[PDB]
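Before any questions on binding or motion, here is one chain by itself as structure tokens, the form deposited in one PDB entry.
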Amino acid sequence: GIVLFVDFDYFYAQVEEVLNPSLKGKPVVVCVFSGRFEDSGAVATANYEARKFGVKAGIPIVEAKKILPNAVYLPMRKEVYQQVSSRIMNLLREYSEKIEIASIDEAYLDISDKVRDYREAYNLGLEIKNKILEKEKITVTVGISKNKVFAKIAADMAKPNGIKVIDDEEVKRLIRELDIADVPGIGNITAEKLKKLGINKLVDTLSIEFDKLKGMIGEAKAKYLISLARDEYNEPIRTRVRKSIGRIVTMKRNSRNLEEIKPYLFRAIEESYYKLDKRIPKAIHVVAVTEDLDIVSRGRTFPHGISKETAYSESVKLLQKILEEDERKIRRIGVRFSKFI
């Protein structure tokens, strides 16, 4: 069982460099402008030239411009990166039909029936990389291991423009050596709970009574971690199926006024319904982000599919339901559809 994982390098920015070769070699920052004020919004991603100065996904644009005034700031174009992505995902399809698309820039190929061993996987990996570079002019990073988790880790070690195998040896070693916060799915809240406990390595999780582990991090992560340490984790590559689709936008200024908010919410339903694409949902949720950035939502599930007419009506009720139960003002508003037929 060999899994190969591909993750595109600084994707959004790379696509702009390809689309405009004069940018290449100098700082580039791809932004989501929010409309509230001059240069408001956040960074979606930056090239490595820019990361050298502290500019990464998530920081505010005005922060980016503080520390890197002279870089090139480009509005985000989602449609463009998604067509390049789809073209790339199709190239990958010619190397294994057994493909799991994980996000707009990464995919898992199960390559067992294509290669006899790690050495061949590596070669196939080099072949994938050239293919993509030839057809799309995009560099990527490749991770190869016996499962999804470790293929992901191997890639994280190799970025950017890399390729790395973690063979059955190294898997055994990393279950002992690797800091536990480097396990995909272990973020900041969970790492704290584990270090306060004295779990620093995947291996430590077999040295602790299951219920205390489960008591702290929850059942599912516990099973996840323990499964990973027994070297039994074997969750297969599966064709992903969107479970929800939605959209949320930022308002020019904070509001509580249903009339002032309404057109924002409706924009979101329109876009949302466009992306639905023949999918009928039974569940609608209105999501609202507040002044202090806390996220609040109100929903409903119908025994039956929701039409675009119903969505407009139910969402307005739900918005009011929010305004009713939370007295904070609203800063971003949107909607999320789920539970398809």
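Whichever C-alpha set is largest while still superposing within 1.5 Å between the two forms counts as the rigid core. Residues carry their position along the shown sequence, with the first being 1.
In this entry, the higher average B-factor at the C-alpha atoms falls on 109-117, of the pair 109-117 and 75-83. Stretches 135-143 and 184-192 differ in mean C-alpha B factor, with the higher average recorded for 184-192. Highest C-alpha temperature factor among 125, 236, 162, 246, as the PDB entry reports it: 236. Of the residues listed, 103, 90, 205, 250, the entry assigns the biggest Cα temperature factor to 205. Among the modelled residues of the chain, residue 329 sits in the highest third by CA temperature factor in this PDB entry. When the modelled residues of the chain are ordered by C-alpha B-factor, residue 267 sits in the middle third. Remark: residue 14 belongs to the lowest third of its chain, ranked by C-alpha B-factor as recorded. Ranked by Cα temperature factor within the chain, residue 166 sits in the middle third according to the deposited record.
When the modelled residues of the chain are ordered by their C-alpha B factor, residue 229 lands in the highest third.
Quick note: we don't show the form deposited in another entry, though the next part is all about it.
Considering 229, 72, 163, 88, one residue stands apart with a C-alpha shift of at least 2 Å between the shown form and the other one following superposition on the core, and it is 229.
After superposition on the rigid core, displacement of the C-alpha of residue 279 between the shown form and the other one amounts to 2 Å or more.
Residue 305: CA moves 2 Å or more between the shown form and the other one after rigid-core fitting. Residue displacement note: residue 126 has its CA displaced by under 2 Å between the shown form and the other one (rigid core superposed).
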